[PDB]
Amino acid sequence: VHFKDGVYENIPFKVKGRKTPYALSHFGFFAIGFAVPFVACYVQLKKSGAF
Amino acid sequence: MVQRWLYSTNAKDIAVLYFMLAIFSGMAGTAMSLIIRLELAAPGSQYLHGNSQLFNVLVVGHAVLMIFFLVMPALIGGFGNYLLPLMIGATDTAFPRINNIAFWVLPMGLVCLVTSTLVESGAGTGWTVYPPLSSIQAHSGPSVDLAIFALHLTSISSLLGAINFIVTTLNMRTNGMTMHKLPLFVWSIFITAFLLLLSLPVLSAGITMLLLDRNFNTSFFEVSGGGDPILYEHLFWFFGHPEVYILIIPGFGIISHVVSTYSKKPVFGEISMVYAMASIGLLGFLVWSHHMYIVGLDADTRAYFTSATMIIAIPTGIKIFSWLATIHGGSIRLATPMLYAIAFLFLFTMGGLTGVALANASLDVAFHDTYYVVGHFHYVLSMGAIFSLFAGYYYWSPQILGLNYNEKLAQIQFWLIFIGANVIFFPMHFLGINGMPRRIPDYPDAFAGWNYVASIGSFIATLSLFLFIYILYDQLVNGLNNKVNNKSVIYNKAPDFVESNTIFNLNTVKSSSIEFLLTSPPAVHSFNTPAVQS
Amino acid sequence: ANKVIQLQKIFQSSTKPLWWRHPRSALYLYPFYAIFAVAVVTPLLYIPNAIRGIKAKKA
Amino acid sequence: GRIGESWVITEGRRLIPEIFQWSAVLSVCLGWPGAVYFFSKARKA
Amino acid sequence: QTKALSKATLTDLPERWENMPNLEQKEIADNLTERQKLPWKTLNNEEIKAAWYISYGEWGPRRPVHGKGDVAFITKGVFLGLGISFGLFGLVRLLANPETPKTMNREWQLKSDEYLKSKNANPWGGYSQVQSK
Amino acid sequence: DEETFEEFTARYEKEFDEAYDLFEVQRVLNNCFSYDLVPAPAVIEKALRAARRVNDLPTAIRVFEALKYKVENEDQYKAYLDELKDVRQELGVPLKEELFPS
Ligand code: HEA
Ligand code: HEA
Ligand SMILES: [Ca+2]
Ligand SMILES: [Cu+2]
């Protein structure tokens, strides 16, 4: 059936076996999404000019 | 690893991919909503140095990223593709490559939308992308193209997924599950797959018409040439009200499970409720012009479209009376999904009462394009669908990902969002009855009173989301230990008054559906031999 | 010329993936991955010229 | 039969405080911006 | 014929039942099931308290949804969440275009209200446009 | 359409006699108490005899807590406890109140 079942093996990201801390890529993956519209604001605010 | 998350055909992998896209785009949309409420805090330019066009691009990024990228891929994407085949015992969905492309079209829609926001300004149009504002003379540049392409891509995604859903629920049922004996969530996904397949192509026709009219020198909506921008409003809203009913029919299917399993008594009159769901599904196709009460219709279109939009109140009424009936006379276990479910039905009936107030075309001339309407739908979207989303996550994720959450953290998260979002969306009725118009970045200064309280409520709601995401982190790194301590709740149903605490251990789950009797996190191939049923 | 049994044999007698099981599944798919590679990276090399307003010259 | 005590005087002794508790929970639930108006400068406080 | 248990392994069972090394939970459930087979006037009332508690006590699966002493925890959590929401709101209000529009003071608003009574505004409700210091 | 109280108490009187293990009497009691009406004395007396037959004293403690929550007064409760005191002295089952006084 060729796909390994487990508890942490239903997700496309590692948690346990890891050199970096997991909270880094957790809050990073979510903070890039939170910082999408702020980057949108920075590019548009410089394009018309004021920031 | 690439064969399981990029070439995948199994429904659960695609479902959790749907879910992580949904929560990514959901906080990407609520960041826009926070910037909106910070611009609406005090009158005058506050954070955005003028630039009202940017306020419009943030408003519609918020709207599209909250509807087409959070609520749909979190309800019919995630919960749909996960818990439809396990609750009908199907070994997979029929058409699995369809399911995989129906996921992976969505990040490309997200990419097209945010590149639209970064070229000229973004679509500064309204989520209804009404011409002649959205055409070339008023919105130059390739932004509105990329927004139309993003909406094309989510149209492709949730049409192909709806075809996948309808054939795997008409063809892949188990040995005892006839149509009457379905769970009340698969009936919900059944009916929204119907409304999706019957509603998406008029939207696709309308927006590729708008694309050709911008880009191929046509005239369907340019009145300089003979078009009509009210043909677009018909072609949009014939999709648009079936869209706002498919944003809440799976929420109804979730809440009917939650209230049953925490009342510990079945839902009162189950097939009168599937009749009510089907009646709301049909009669939502006959009410589309109630968003068009002002455009200059007949007298008797606005007499018909006022009676037909209030016969909607009867099957929704009996759904809510049936919920309160099956909660009357039970053993209410005040867990986190039950709190979310009762707050759902209370705030949804508040949004429904203000919706029936809106539904009179005699009265909607005092309320159209005001903040009364934005109160009406943020009472049934952020309190209907979002509260059903939180109830569904807190109800199913200990089964799905296998790790429990901190329960008292979940209850402060619930109470924080229930306080703060009521605090933002309650004074919108006050501003709208005083005459405050919609979609404006700057208001007259007599509206500065009830806008400060609403931006405060949005800060409470966004910090409730930050608490929820810390709850996700604590679930994903300490849920195995949330089993071993009791910062969680483990058993969904308490023992009854006379059974005792070994008999309950031999009967540890008393459910009306297969989804909890599965292995936590379930097998890659559940149901090789089929689940027999009487 | 009714090759269906000779092709059923090798399409069940192989553990190569299905888009490789045929004999001539190199002549399709070695050019196809190159065409795909030059097809998806080239729209996104033009995006910083599109965000900053540089159009493509008529020369 | 009517064993002893009567049926909604036991239910009266039950649900007399539910009336006042309901009035408290709805008066807080719907009347929370009245305190904002009380502490507002629209009262010219 | 199984006679009664020791006193000093069942005195006050409903409070030390969960600090219990978990092997002897089994070898205290089974002999209570054995002792229940007698006539029910045989049993001393120390075990009838213990036999009720293993079946119907508020432990394990009959644990409450939240313990005794956490509605205080989540009331304090709700109130601190409201406090830190107010605080971060008031902090980010301190970076927003530091000048006020000229209408928002009492040197503009009573001239506005005199203009509204100058043009005879609403008699029923109020017209007084005063909200600022 | 639906069923008389007297036939109901003739149904659960048979169904309590037709029990064989501790799952079954704890199921038949839950099923008879989760109705609108509190059961008759002759039904709960078959319930007490059934819980005697399967050697469980905790459910025979729980029958009285169940009726005490089910009745509307405590005069009905004292009526019940005098309706079946002699069976509570034949079986010798204790009530929860005098074994756990507050
Ligand atoms: C899904 C629908 C949805 C939701 C939830 C919201 C929620 C919010 N919206 Fe609204 N909004 C719209 C859809 C929605 N909105 C639409 C369609 C318009 C019309 C646009 C137009 O007029 O053109 C609009 C317009 C609109 C206006 C009117 C201004 C205008 O018309 O220009 C405002 C102002 O207050 C606003 C702000 C907010 C805020 C502060 C929230 C807050 O409630 C945000 C807080 C929400 C959460 C914290 C939800 C939790 C987050 C998750 C990601 C869920 C995760 C759970 C799981 C994954 C299980 N949005
Ligand atoms: C979740 C999505 C959702 C749901 C469920 C609804 C539900 C309803 N809506 Fe709404 N609506 C929207 C999403 C939704 N709406 C959106 C997004 C907009 C703005 C679009 C835009 O951007 O322009 C909008 C705006 C909108 C308009 C257009 C006005 C305008 O735009 O200016 C109208 C007009 O009829 C309307 C009415 C109703 C009615 C009558 C219901 C009914 O279904 C409510 C039924 C519920 C009840 C009635 C309460 C429960 C029943 C009882 C307790 C029984 C007794 C009750 C009675 C007898 C009344 N709403
Ligand atoms: Ca402003
Ligand atoms: Cu509608």
# chains A, B, ... in the order shown; residues from 1 in each chain; ligands from 1

call {"tool": "residues_near_ligand", "arguments": {"ligand": "ligand 3", "cutoff": "12 Å", "atoms": "only C-alpha atoms and all ligand atoms", "output": "compact mmCIF listing (two decimals) with N, CA and C atoms, in the first residue's frame"}}
result
# COMPACT_ATOMS: atom_id res chain seq x y z
N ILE B 35 -6.02 45.77 8.32
CA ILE B 35 -5.58 47.04 7.74
C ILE B 35 -6.78 47.91 7.39
N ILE B 36 -7.88 47.28 6.95
CA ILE B 36 -9.11 48.00 6.65
C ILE B 36 -9.66 48.66 7.91
N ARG B 37 -9.76 47.90 9.00
CA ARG B 37 -10.32 48.47 10.22
C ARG B 37 -9.38 49.47 10.87
N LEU B 38 -8.08 49.37 10.61
CA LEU B 38 -7.18 50.40 11.10
C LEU B 38 -7.29 51.67 10.28
N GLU B 39 -7.63 51.54 9.00
CA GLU B 39 -7.88 52.74 8.21
C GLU B 39 -9.24 53.35 8.55
N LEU B 40 -10.17 52.55 9.03
CA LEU B 40 -11.50 53.02 9.39
C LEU B 40 -11.62 53.39 10.85
N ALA B 41 -10.51 53.52 11.57
CA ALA B 41 -10.60 53.76 13.00
C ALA B 41 -11.04 55.18 13.29
N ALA B 42 -10.25 56.13 12.89
CA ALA B 42 -10.57 57.53 13.03
C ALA B 42 -10.77 58.15 11.65
N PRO B 43 -11.58 59.19 11.53
CA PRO B 43 -11.75 59.83 10.23
C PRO B 43 -10.50 60.56 9.78
N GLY B 44 -10.41 60.76 8.48
CA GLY B 44 -9.19 61.22 7.86
C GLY B 44 -8.28 60.07 7.50
N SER B 45 -7.24 60.39 6.74
CA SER B 45 -6.24 59.39 6.38
C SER B 45 -5.44 59.02 7.61
N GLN B 46 -5.43 57.73 7.96
CA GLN B 46 -4.77 57.28 9.17
C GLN B 46 -3.46 56.57 8.90
N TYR B 47 -3.47 55.49 8.15
CA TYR B 47 -2.27 54.71 7.90
C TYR B 47 -1.89 54.71 6.44
N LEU B 48 -2.89 54.73 5.59
CA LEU B 48 -2.72 54.74 4.16
C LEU B 48 -2.73 56.19 3.71
N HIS B 49 -1.63 56.63 3.10
CA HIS B 49 -1.42 58.05 2.82
C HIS B 49 -2.33 58.46 1.67
N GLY B 50 -3.58 58.74 2.02
CA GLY B 50 -4.63 58.85 1.04
C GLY B 50 -4.83 57.50 0.40
N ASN B 51 -4.72 57.46 -0.94
CA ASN B 51 -4.68 56.25 -1.74
C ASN B 51 -5.92 55.39 -1.52
N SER B 52 -7.07 55.95 -1.89
CA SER B 52 -8.34 55.26 -1.71
C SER B 52 -8.45 54.04 -2.61
N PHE B 55 -7.29 51.18 -0.76
CA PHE B 55 -8.32 50.72 0.15
C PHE B 55 -9.29 49.80 -0.55
N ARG B 439 -18.11 50.74 1.47
CA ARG B 439 -16.93 50.75 0.59
C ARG B 439 -16.23 52.10 0.54
N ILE B 440 -16.31 52.87 1.62
CA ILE B 440 -15.68 54.18 1.66
C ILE B 440 -14.48 54.13 2.60
N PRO B 441 -13.35 54.73 2.23
CA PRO B 441 -12.21 54.77 3.15
C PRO B 441 -12.27 55.88 4.17
N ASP B 442 -13.20 56.82 4.02
CA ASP B 442 -13.26 57.99 4.89
C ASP B 442 -14.71 58.42 4.98
N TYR B 443 -15.19 58.57 6.20
CA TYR B 443 -16.59 58.82 6.47
C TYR B 443 -16.80 60.23 7.00
N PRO B 444 -18.04 60.73 7.00
CA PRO B 444 -18.32 61.95 7.74
C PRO B 444 -18.11 61.73 9.23
N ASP B 445 -17.72 62.80 9.91
CA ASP B 445 -17.20 62.68 11.26
C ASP B 445 -18.25 62.40 12.31
N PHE B 447 -19.88 59.72 12.05
CA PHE B 447 -19.80 58.27 12.07
C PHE B 447 -18.56 57.79 12.80
N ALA B 448 -17.81 58.70 13.41
CA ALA B 448 -16.58 58.34 14.09
C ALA B 448 -16.82 57.66 15.42
N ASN B 451 -17.21 53.57 14.86
CA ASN B 451 -16.15 52.94 14.10
C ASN B 451 -14.95 52.59 14.96
N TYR B 452 -14.74 53.37 16.01
CA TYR B 452 -13.67 53.11 16.97
C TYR B 452 -13.91 51.80 17.70
N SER B 455 -13.18 48.88 15.30
CA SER B 455 -11.77 48.54 15.11
C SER B 455 -11.17 47.89 16.36
N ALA E 96 -0.13 56.65 13.47
CA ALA E 96 -1.14 56.83 12.42
C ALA E 96 -1.35 58.32 12.15
N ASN E 97 -0.58 58.87 11.20
CA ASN E 97 -0.74 60.20 10.61
C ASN E 97 -0.98 61.29 11.64
N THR E 100 -4.71 65.49 13.45
CA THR E 100 -6.15 65.29 13.41
C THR E 100 -6.76 66.16 12.31
N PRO E 101 -7.82 65.69 11.66
CA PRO E 101 -8.55 66.58 10.76
C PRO E 101 -9.22 67.69 11.54

call {"tool": "interface_residues", "arguments": {"of": "chain F", "to": "chain E", "cutoff": "9 Å", "atoms": "only C-alpha atoms", "output": "PDB file with N, CA, C and O atoms, in the first residue's frame"}}
result
ATOM      1  N   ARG F  52     -30.123  -7.286  41.351  1.00  0.00           N
ATOM      2  CA  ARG F  52     -29.685  -8.266  42.334  1.00  0.00           C
ATOM      3  C   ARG F  52     -29.181  -9.525  41.655  1.00  0.00           C
ATOM      4  O   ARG F  52     -28.167 -10.098  42.071  1.00  0.00           O
ATOM      5  N   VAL F  54     -27.687 -10.023  38.825  1.00  0.00           N
ATOM      6  CA  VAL F  54     -26.449  -9.926  38.062  1.00  0.00           C
ATOM      7  C   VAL F  54     -25.276  -9.481  38.945  1.00  0.00           C
ATOM      8  O   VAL F  54     -24.164  -9.269  38.450  1.00  0.00           O
ATOM      9  N   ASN F  55     -25.494  -9.396  40.258  1.00  0.00           N
ATOM     10  CA  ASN F  55     -24.472  -9.078  41.260  1.00  0.00           C
ATOM     11  C   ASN F  55     -23.807  -7.728  40.988  1.00  0.00           C
ATOM     12  O   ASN F  55     -22.610  -7.636  40.727  1.00  0.00           O
ATOM     13  N   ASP F  56     -24.615  -6.676  41.044  1.00  0.00           N
ATOM     14  CA  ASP F  56     -24.105  -5.310  41.050  1.00  0.00           C
ATOM     15  C   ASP F  56     -24.928  -4.505  42.040  1.00  0.00           C
ATOM     16  O   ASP F  56     -26.135  -4.339  41.860  1.00  0.00           O
ATOM     17  N   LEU F  57     -24.288  -4.053  43.091  1.00  0.00           N
ATOM     18  CA  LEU F  57     -24.829  -3.085  44.034  1.00  0.00           C
ATOM     19  C   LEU F  57     -24.744  -1.621  43.576  1.00  0.00           C
ATOM     20  O   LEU F  57     -25.632  -0.854  43.961  1.00  0.00           O
ATOM     21  N   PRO F  58     -23.713  -1.157  42.832  1.00  0.00           N
ATOM     22  CA  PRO F  58     -23.760   0.230  42.330  1.00  0.00           C
ATOM     23  C   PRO F  58     -24.967   0.630  41.489  1.00  0.00           C
ATOM     24  O   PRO F  58     -25.444   1.762  41.651  1.00  0.00           O
ATOM     25  N   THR F  59     -25.480  -0.224  40.600  1.00  0.00           N
ATOM     26  CA  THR F  59     -26.683   0.173  39.875  1.00  0.00           C
ATOM     27  C   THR F  59     -27.902   0.201  40.780  1.00  0.00           C
ATOM     28  O   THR F  59     -28.799   1.025  40.583  1.00  0.00           O
ATOM     29  N   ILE F  61     -27.753   1.170  43.779  1.00  0.00           N
ATOM     30  CA  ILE F  61     -27.677   2.492  44.384  1.00  0.00           C
ATOM     31  C   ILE F  61     -28.176   3.541  43.402  1.00  0.00           C
ATOM     32  O   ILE F  61     -28.883   4.479  43.777  1.00  0.00           O
ATOM     33  N   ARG F  62     -27.866   3.365  42.119  1.00  0.00           N
ATOM     34  CA  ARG F  62     -28.150   4.392  41.130  1.00  0.00           C
ATOM     35  C   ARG F  62     -29.624   4.488  40.758  1.00  0.00           C
ATOM     36  O   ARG F  62     -30.037   5.529  40.235  1.00  0.00           O
ATOM     37  N   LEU F  91     -33.646  -6.726  49.970  1.00  0.00           N
ATOM     38  CA  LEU F  91     -32.337  -6.728  49.341  1.00  0.00           C
ATOM     39  C   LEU F  91     -31.292  -5.998  50.156  1.00  0.00           C
ATOM     40  O   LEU F  91     -30.102  -6.263  49.982  1.00  0.00           O
ATOM     41  N   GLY F  92     -31.704  -5.097  51.038  1.00  0.00           N
ATOM     42  CA  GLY F  92     -30.760  -4.368  51.857  1.00  0.00           C
ATOM     43  C   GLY F  92     -29.875  -3.403  51.107  1.00  0.00           C
ATOM     44  O   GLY F  92     -28.733  -3.180  51.516  1.00  0.00           O
ATOM     45  N   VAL F  93     -30.362  -2.823  50.020  1.00  0.00           N
ATOM     46  CA  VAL F  93     -29.558  -1.862  49.266  1.00  0.00           C
ATOM     47  C   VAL F  93     -29.608  -0.508  49.975  1.00  0.00           C
ATOM     48  O   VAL F  93     -30.656  -0.135  50.511  1.00  0.00           O
ATOM     49  N   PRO F  94     -28.489   0.177  50.104  1.00  0.00           N
ATOM     50  CA  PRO F  94     -28.501   1.519  50.677  1.00  0.00           C
ATOM     51  C   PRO F  94     -28.772   2.592  49.638  1.00  0.00           C
ATOM     52  O   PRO F  94     -28.431   2.470  48.461  1.00  0.00           O
ATOM     53  N   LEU F  99     -25.536   6.857  52.829  1.00  0.00           N
ATOM     54  CA  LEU F  99     -24.172   6.365  52.732  1.00  0.00           C
ATOM     55  C   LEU F  99     -23.193   7.490  52.422  1.00  0.00           C
ATOM     56  O   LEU F  99     -22.023   7.392  52.785  1.00  0.00           O
ATOM     57  N   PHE F 100     -23.634   8.555  51.764  1.00  0.00           N
ATOM     58  CA  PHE F 100     -22.799   9.729  51.529  1.00  0.00           C
ATOM     59  C   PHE F 100     -23.506  10.965  52.066  1.00  0.00           C
ATOM     60  O   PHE F 100     -24.059  11.753  51.291  1.00  0.00           O
TER      61      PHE F 100
END

call {"tool": "residues_around", "arguments": {"residues": "region 34-42 of chain A", "least_positions_apart": "5", "cutoff": "10 Å", "atoms": "only C-alpha atoms", "output": "VMD selection string"}}
result
(chain A and resid 27 to 29 47 49 to 51) or (chain B and resid 24 to 33 35 48 54 to 55 57 to 58 61 to 62 114 to 119 121 to 122)

call {"tool": "residues_near_ligand", "arguments": {"ligand": "ligand 4", "cutoff": "9 Å", "atoms": "only C-alpha atoms and all ligand atoms", "output": "list in words"}}
result
residues 237, 240, 241, 242, 243, 244, 245, 284, 287, 288, 289, 290, 291 and 309 of chain B

call {"tool": "select_by_dssp", "arguments": {"residues": "chain A", "states": "helix (DSSP H, G or I)", "output": "PyMOL selection string"}}
result
chain A and resi 22-48

call {"tool": "atom_distance", "arguments": {"atom1": "CA of residue 417 (chain B)", "atom2": "atom 20 (C, counted along the ligand's line) of ligand 1"}}
result
20.8 Å
